[PDB]
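**Q** Pasting in a structure now, in structure tokens, and then I'll have a few things to ask.
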Amino acid sequence: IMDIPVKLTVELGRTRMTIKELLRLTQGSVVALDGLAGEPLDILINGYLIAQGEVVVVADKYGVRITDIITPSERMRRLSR
Amino acid sequence: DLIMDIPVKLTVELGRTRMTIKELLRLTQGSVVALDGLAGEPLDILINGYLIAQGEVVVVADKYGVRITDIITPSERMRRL
Amino acid sequence: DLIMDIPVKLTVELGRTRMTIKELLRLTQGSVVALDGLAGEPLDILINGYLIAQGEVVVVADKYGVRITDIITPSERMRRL
Amino acid sequence: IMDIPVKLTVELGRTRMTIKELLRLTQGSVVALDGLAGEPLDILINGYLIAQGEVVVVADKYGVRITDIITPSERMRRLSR
Amino acid sequence: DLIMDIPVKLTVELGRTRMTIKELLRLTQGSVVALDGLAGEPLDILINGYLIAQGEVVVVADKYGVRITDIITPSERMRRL
Amino acid sequence: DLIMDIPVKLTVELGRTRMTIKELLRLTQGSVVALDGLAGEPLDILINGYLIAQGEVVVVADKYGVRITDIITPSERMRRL
Amino acid sequence: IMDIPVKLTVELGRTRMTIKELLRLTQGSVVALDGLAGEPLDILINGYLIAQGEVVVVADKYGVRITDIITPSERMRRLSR
Amino acid sequence: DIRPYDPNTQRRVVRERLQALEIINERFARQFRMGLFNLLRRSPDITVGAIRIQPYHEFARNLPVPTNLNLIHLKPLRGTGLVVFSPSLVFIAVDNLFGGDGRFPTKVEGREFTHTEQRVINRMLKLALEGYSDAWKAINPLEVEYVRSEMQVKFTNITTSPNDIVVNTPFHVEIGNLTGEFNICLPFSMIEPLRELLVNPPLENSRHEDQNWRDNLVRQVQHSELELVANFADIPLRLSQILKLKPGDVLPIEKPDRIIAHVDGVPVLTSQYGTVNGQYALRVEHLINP
Amino acid sequence: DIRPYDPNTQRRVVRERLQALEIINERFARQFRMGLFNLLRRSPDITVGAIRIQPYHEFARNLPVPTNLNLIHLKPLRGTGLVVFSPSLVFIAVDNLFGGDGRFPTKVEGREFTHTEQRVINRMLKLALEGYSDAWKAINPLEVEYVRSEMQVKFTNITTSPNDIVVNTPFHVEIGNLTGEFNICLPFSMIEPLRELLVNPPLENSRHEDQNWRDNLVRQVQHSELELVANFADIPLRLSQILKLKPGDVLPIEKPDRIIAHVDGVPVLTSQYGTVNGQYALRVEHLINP
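Protein chains in written order, with the authors' numbering: chain FA, 57 to 137; chain EA, 55 to 135; chain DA, 55 to 135; chain FB, 57 to 137; chain EB, 55 to 135; chain DB, 55 to 135; chain FC, 57 to 137; chain CB, 34 to 323; chain CA, 34 to 323.
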């Protein structure tokens with residue numbers, strides 16, 4: 057209907073942490089994210105997560121094949137964490 | 055002031071792209087879209103949508119994380135807008 | 055240091071209550087539920103779900119705004135824990 | 057109907073005792089609970105006991121297989137003790 | 055003051071989990087749910103819902119009890135909220 | 055020491071009576087049963103079913119509240135035993 | 057109809073005696089009861105006698121097998137003594 | 034006795050002696066003996082073994098594989114029972130039925146039951162269920178219905194959990210020189226409502242005598258007093274407040290519109306409070322009734 | 034454990050034990066055995082191998098080429114399943130069907146299935162589908178419909194991605210001296226809605242008992258309190274403002290006409306705010322309901 061461009065982004069995972077480790081951060085500091093290795097990365101539209109999909113490398117380029125679209129229940133489950 | 059126990063949100067973005075409504079709607083099940091960033095580039099570590107660090111991906115006991123290589127400089131902040 | 059900006063999200067809570075699933079599902083249109091906060095008691099202010107302050111609603115030139123009655127302390131945080 | 061999360065807890069047993077032994081407690085002090093070994097542990101929802109079930113270990117993790125849901129008679133039999 | 059003969063309620067929690075309405079309802083006869091705590095962790099000794107001690111499980115002449123290993127410190131009270 | 059908080063439950067009893075199963079089952083709507091407590095006699099206060107004090111209902115700025123007439127003693131506890 | 061708990065007790069026998077022998081009592085003082093050896097012991101509800109039954113030992117525990125429920129005539133015969 | 038508790042230590046010590054279950058077992062054994070004589074045209078003798086009140090997993094672990102497991106319905110009791118027909122017993126029954134005199138050694142190597150063997154199983158199972166219903170009718174009449182048959186204990190899963198306590202009753206049947214076994218497996222939850230009747234049989238003249246006993250029981254226990262405690266109000270405090278608490282302190286309280294009358298903590302009624310004759314009184318609005 | 038993550042490292046560790054799926058597999062194996070006896074006039078024996086919960090690409094990489102891949106519909110579950118008929122199995126079936134006693138060595142060189150071979154495939158596939166539906170009906174009734182057949186794993190692409198986790202169930206069929214295999218491949222998305230039922234089988238008396246259990250569950254959880262937090266207002270600030278912030282500062286705020294009541298961040302209702310009894314109160318306009 058409309059022909060507008062949007063900045064779609066892919067998010068690897070989340071991290072809830074206080075700024076203790078933030079100020080302790082340095083080159084080489086280990087950080088752990090909320091998402092474990094294997095689950096689909098999150099496809100966000102203008103920062104709005106709409107999908108989940110798995111990461112591939114094609115022609116030495118990052119890409120994501122969208123596995124599924126999210127549901128309001130899973131969305132709220134992710135938010136309440 | 056040391057009002058500093060506050061927890062903060064940390065995110066990691068694998069990549070970004072600009073792409074429009076028609077290609078959005080044309081994306082279907084199993085559709086893969088390539089990311090602007092070339093494979094091996096350090097990912098972006100955002101705080102509430104604000105970038106301070108860049109770093110590559112790493113897995114730490116099946117857990118996602120990033121190895122940060124550059125964190126602080128605003129000198130390139132003009133270009134990423 | 056570099057954390058001087060760090061877009062943060064501040065929220066104020068109107069009140070809390072102890073109520074169960076029966077009445078919860080039995081809420082209807084126009085039904086009024088009370089909260090533990092007394093009228094005139096300054097409301098709480100939270101950041102990422104943690105205490106940051108207590109503030110009161112004040113009339114400021116036809117613009118209601120929250121005026122910080124006091125800043126939290128570790129002592130009061132432990133007391134309200 | 058509603059998609060709310062609740063904090064489930066599993067309770068091993070009860071103990072009615074005056075604070076004599078409470079202040080006499082130390083590392084190694086023997087304590088005895090109301091429930092004998094073998095009876096199902098209690099499944100409580102937001103602290104509300106609703107079920108009884110047996111304890112199992114799966115993948116070196118604690119778990120409870122719910123054996124039965126409680127009745128008001130058994131509930132109040134437990135309470136009046 | 056030594057108004058100190060008062061009896062108090064002692065409980066022991068095997069584990070806790072956050073788990074929502076739909077899969078509550080999906081739980082059926084014989085359904086087993088894994089607990090957040092790893093097997094072998096010291097259980098939580100609560101007083102009227104208030105934690106002061108941690109300890110592992112033990113059976114004393116077919117009677118349940120806990121071997122307490124840590125009781126007093128509030129230094130980690132803020133994490134468990 | 056560490057027991058300074060220990061959430062306790064205080065209850066006050068309105069009265070007691072000696073009455074049997076016949077009249078108990080023969081209670082009907084609007085039926086009035088008297089109690090051994092004289093009007094104006096300060097009511098008892100119990101914690102986990104044990105004596106803690108005697109308190110009287112007093113009007114406190116449209117808010118009825120219990121004012122402690124006296125604290126229990128071991129002597130009076132034995133007398134009321 | 058009602059699910060109330062009651063304190064049921066079993067009485068071995070009666071004894072009508074003046075406090076002569078009561079003050080003369082000591083460890084080893086012989087006392088004789090009204091009931092001869094062999095007759096059923098008395099089953100009382102809240103101190104109110106309801107039945108008669110014969111005493112057994114099961115699993116090294118005292119028990120009573122209820123033999124008969126009393127009649128008003130036998131009741132009042134027991135009372136008038 | 035100070036040992037660390039570990040899961041899967043089902044030290045379930047629930048010791049009872051169901052004399053009525055024993056007597057029903059004996060009556061059913063006689064009925065099954067006469068039925069087996071009617072069918073096989075040979076006279077068996079059935080020995081009722083000790084009743085094993087054991088966990089379901091322990092019961093199943095001793096069951097030979099393959100075996101006949103017949104699910105049955107003990108109406109109106111909630112749940113299902115099991116009849117275990119052993120391969121030796123089924124082999125002997127089929128051998129006698131189909132021309133074999135049984136003098137040949139019993140060769141049980143382990144195999145499923147064929148459709149003809151299934152029909153034989155169905156027949157003696159029908160006889161067993163009828164005899165069991167006849168035996169039980171003397172104590173409690175019930176309806177027994179065949180559900181289905183299975184070869185593996187994993188097919189059945191008679192209990193909610195393998196650690197659930199279950200009742201097993203073995204019977205050793207001998208015909209000439211050929212020996213077999215068959216078992217009756219009923220979950221303890223099946224008999225829990227009737228545990229009182231199954232423990233003791235010592236009543237034979239009880240059809241209206243039970244009603245008379247119950248009427249006497251209620252009309253007599255109606256002369257027992259109780260302990261009504263009416264909790265006027267409920268204030269939550271902390272132990273520091275309790276320790277520092279002094280006379281003359283006023284404790285804020287939400288206004289109790291309804292007073293709960295309870296005994297030993299057990300609520301009895303909901304009422305309003307007032308004063309009459311100079312004493313506190315309660316006007317009852319609703320008794321505590323689920 | 035500090036190693037750099039790389040794409041295509043599908044370390045998908047999703048470990049479960051579907052006892053109900055195993056039992057359905059055994060029932061279907063028996064049904065397929067009796068069907069194969071009916072068709073081939075010879076008695077096979079079918080061994081159910083371990084269930085492999087493995088990625089689709091890994092499952093396909095082990096499949097011999099060419100092979101029979103039959104797409105099926107597991108109504109009403111969203112998605113499609115697969116039946117894998119091996120060349121050796123189809124060879125043996127055709128050999129037995131068309132006069133060959135099977136004593137000849139099996140010569141599988143790799144070739145497509147002819148139309149007659151396709152008809153044989155259709156027949157034993159129909160028998161397998163009926164047996165599988167019969168096996169499943171005991172737990173959940175499903176309708177199975179044949180879709181089409183393929184010779185190459187690339188023709189099917191059963192999953193959205195090759196890394197999608199899928200369930201495979203192998204069966205080794207022996208007839209005399211001739212051995213073959215056939216597999217059942219169902220995507221994990223097929224069973225995710227029924228994962229709870231497939232993990233544990235420990236229920237047999239559940240038709241209205243499930244409804245009673247659910248009613249008890251809801252009526253007992255209806256007595257659990259919650260944590261209603263009503264976010265009155267939302268101000269975005271910066272960390273410099275937070276650090277320099279001092280009491281008495283007034284923070285501008287857009288006027289909240291509607292207050293959202295949420296629990297643990299989960300929105301519950303939309304309401305208006307006010308004061309009653311001296312306490313803040315919310316008059317509910319609309320509960321959060323999708």
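Ideal Cβ positions, reconstructed from N, Cα and C, are used throughout, including at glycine.
Can you find the residues in the same chain that come closer than 8 angstroms, C-beta to C-beta, to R50 (chain CA), ignoring five residues on each side of it along the sequence?
**A** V232
**Q** What first and last residue would you give for the beta strand (DSSP E) that runs through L102 (chain CB)?
**A** 101 to 108
**Q** Name, please, each residue of chain FB whose Cβ falls closer than 7 angstroms to the Cβ of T139 (chain CB).
**A** The premise fails here: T139 (chain CB) is roughly 40 angstroms from chain FB at the closest Cβ pair, so nothing lies under 7 angstroms.
**Q** Mind checking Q64 (chain CB): buried by the 16 CB within 10 Å criterion, or exposed?
**A** buried
**Q** Whole angstroms are fine: how far does the CA of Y306 (chain CA) sit from the CA of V317 (chain CA)?
**A** 9 angstroms
**Q** How many Å lie between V113 (chain DB) and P96 (chain DB) at the Cα?
**A** When rounded, the separation of the alpha-carbon atoms in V113 (chain DB) and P96 (chain DB) is 14 angstroms.
**Q** List, from N- to C-terminal side, the alpha helix (DSSP H) runs of 4 residues or more that fit wholly inside the stretch 64 to 92 of chain FB.
**A** With a minimum length of 4 residues, the continuous alpha helix (DSSP H) runs that stay inside the stretch 64 to 92 of chain FB are 75 to 80.
**Q** Apart from the five residues on each side of it in sequence, which residues of its chain come closer than 7 angstroms, Cβ to Cβ, to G109 (chain EA)?
**A** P96, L97, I99, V120, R121, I122, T123
**Q** Starting from the beta carbon of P61 (chain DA), find every residue of chain CA whose beta carbon is closer than 9 angstroms, and list them in chain order.
**A** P269, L270, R271, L272
**Q** Tell me the residue span of the beta strand (DSSP E) that contains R121 (chain DB).
**A** 117 to 125
**Q** Does any C-beta atom of chain FA lie closer than 8 angstroms to the C-beta of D167 (chain CA)?
**A** Judged by the 8 angstroms Cβ criterion, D167 (chain CA) is not in contact with chain FA.
**Q** Check the Cβ of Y104 (chain FA) against every Cβ in chain EA and list those closer than 9 angstroms, keeping chain order.
**A** Within chain EA, no residue comes near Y104 (chain FA); the closest Cβ sits about 12 angstroms away, beyond 9 angstroms.
**Q** Between CB:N210, CB:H205, CB:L227, which lies nearest to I217 (chain CB) when the distance is taken from Cα to Cα?
**A** CB:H205
**Q** Could you check how far apart the C-beta atoms of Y118 (chain FB) and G91 (chain EB) are, in whole angstroms? I think they sit under 8 angstroms.
**A** 6 angstroms
**Q** For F188 (chain CA), which three-state DSSP category applies?
**A** Helix, per DSSP.
**Q** Give the interface partners of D34 (chain CA) over in chain EA, defined as CB-CB distance under 7 angstroms, in chain order.
**A** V114, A115
**Q** Kindly indicate the opening and closing residues of the beta strand (DSSP E) around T308 (chain CA).
**A** Its beta strand (DSSP E) spans residues 299 to 309.
**Q** Report the neighbours of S85 (chain EB) on chain FB: residues whose CB is nearer than 8 angstroms to its CB, in chain order.
**A** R121, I122
**Q** Is it true that the CB of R45 (chain CB) sits closer than 8 angstroms to the CB of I198 (chain CB)?
**A** yes
**Q** If you drop the 5 nearest sequence neighbours on each side, which residues of the same chain put their C-beta closer than 8 angstroms to that of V66 (chain DB)?
**A** For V66 (chain DB), where only same-chain residues beyond five positions count, the Cβ hits under 8 angstroms are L97, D98, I99, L100, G109, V120.
**Q** Counting only beta-carbon atoms, is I75 (chain DB) nearer than 8 angstroms to chain C?
**A** Note that chain C does not occur in the displayed structure, where the protein chains are FA, EA, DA, FB, EB, DB, FC, CB and CA.
**Q** For a contact meaning CB atoms closer than 8 angstroms, what does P37 (chain CA) contact in chain EA?
**A** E110, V111, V112, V113, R121
**Q** Within a Cβ cutoff of 7 angstroms, which residues of the same chain sit near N238 (chain CB), ignoring the five residues on either side of it in sequence?
**A** none
**Q** Check whether chain CA comes within 8 angstroms of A93 (chain FA), counting only Cβ atoms and requiring the distance to be less than that.
**A** Taking Cβ atoms only, chain CA reaches closer than 8 angstroms to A93 (chain FA), which makes this a yes.
**Q** Is there a C-beta anywhere in chain DA that falls below 8 angstroms from the one on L135 (chain EB)?
**A** yes
**Q** Which residue wins for smallest C-alpha separation from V116 (chain CA), given the options CA:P203, CA:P234, CA:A83?
**A** CA:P203
**Q** Taking 8 angstroms as the threshold (C-beta atoms), are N102 (chain EA) and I60 (chain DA) in contact?
**A** yes
**Q** Considering only the alpha carbon of each residue, which of CA:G311, CA:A161, CA:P37 lies closest to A93 (chain FA)?
**A** Measuring C-alpha to C-alpha distances from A93 (chain FA) to each of CA:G311, CA:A161, CA:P37 identifies CA:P37 as the nearest.
**Q** For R137 (chain FA), name the three-state secondary structure that DSSP assigns.
**A** In this structure, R137 (chain FA) counts as coil in the three-state DSSP scheme.
**Q** Please report the distance separating the alpha-carbon of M67 (chain CB) from that of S119 (chain CB).
**A** Cα to Cα, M67 (chain CB) sits roughly 19 angstroms from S119 (chain CB).
**Q** Based on the DSSP secondary-structure assignment, which residues constitute the bridge partners of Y104 (chain EA)?
**A** EA:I101
**Q** Contact defined as beta carbons within less than 8 angstroms: I believe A161 (chain CA) pairs with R60 (chain CA). What is the distance between those atoms, to the nearest angstrom?
**A** About 13 angstroms separates the two Cβ atoms, so there is no contact after all.
**Q** Give the interface partners of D297 (chain CA) over in chain FA, defined as CB-CB distance under 7 angstroms, in chain order.
**A** Proximity of chain FA to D297 (chain CA) at the Cβ level (cut-off 7 angstroms) is accounted for by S136, in chain order.
**Q** Please state whether the Cβ-Cβ distance between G143 (chain CA) and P99 (chain CA) is less than 8 angstroms.
**A** yes
**Q** Is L100 (chain DB) close to chain FC, meaning its C-beta is less than 8 angstroms from at least one C-beta of that chain?
**A** no
**Q** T82 (chain EB) versus chain CA: which residues are under 9 angstroms apart at the beta carbon?
**A** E229, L230, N233, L236, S239, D243, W246, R247, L250
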